[PDB]
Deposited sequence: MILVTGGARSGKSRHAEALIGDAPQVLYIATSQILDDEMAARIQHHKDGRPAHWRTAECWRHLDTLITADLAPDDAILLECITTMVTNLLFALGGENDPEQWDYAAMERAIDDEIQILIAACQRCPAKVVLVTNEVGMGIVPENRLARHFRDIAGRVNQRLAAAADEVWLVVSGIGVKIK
């Protein structure tokens, strides 16, 4: 696949989409749990966890999948895997890794264009909040995995896509 990263309000979405282009058929994997976009989304696009079920081997090369976003997906999983003070951050990481490996696998075998969106969350200062701190570590480790797995990697800054790989 293709991995797009960047800070909040970096324009990574727009860049991802720009990566999608027309693209005949487009599957949007919208990971946030609901605790304006759905409107700007072309009517043609479909909107959809249990991700490997979507990222299939029997798709078209002209087809395209957009997952938004990896971070969120990470978050949902911890909680799912889970109060965060009794948490064994270590075990959590591993499990998370399993999952990511699964995504990778799926993406690996998927004939469609796959574009994954994630965020850079650790160019800031060490947070005081443990989960927060934990969180940031795991997310970075997840990104490395994806990146390594990725074919192309972009970093978006101020809406400017920078192809790092």
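- Taking the first deposited residue as 1, the stretches without any C-alpha atom are 36-44, 58-60, 95-97.
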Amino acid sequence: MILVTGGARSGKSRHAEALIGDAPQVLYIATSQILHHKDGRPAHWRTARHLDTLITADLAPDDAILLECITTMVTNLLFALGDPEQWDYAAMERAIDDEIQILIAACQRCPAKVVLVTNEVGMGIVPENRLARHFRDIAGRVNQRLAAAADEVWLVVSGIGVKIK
From here on, numbers count along this sequence of modelled residues.
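- Mean CA temperature factor is higher for 14-22 when stretches 14-22 and 141-149 are set side by side in the entry.
- 110-118 and 92-100 differ in mean CA B-factor, and the higher of the two is recorded for 92-100.
- Set against one another, the Cα B-factors of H50, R130, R46, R136 in the record reach their highest point at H50.
- Which of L67, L35, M123, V126 has the largest Cα B-factor in the deposited entry comes down to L35.
- Ranked within its chain, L77 lands in the middle third, by CA B factor from the PDB record.
- When the modelled residues of the chain are ordered by their C-alpha B factor, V4 lands in the middle third.
- Among the modelled residues of its chain, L27 has a C-alpha B-factor that falls in the middle third, as given in the PDB entry.
- Remark: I55 belongs to the middle third of its chain, ranked by C-alpha B-factor as recorded.
- In the PDB entry, a CA B factor belonging to the lowest third of its chain's modelled residues is recorded for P42.
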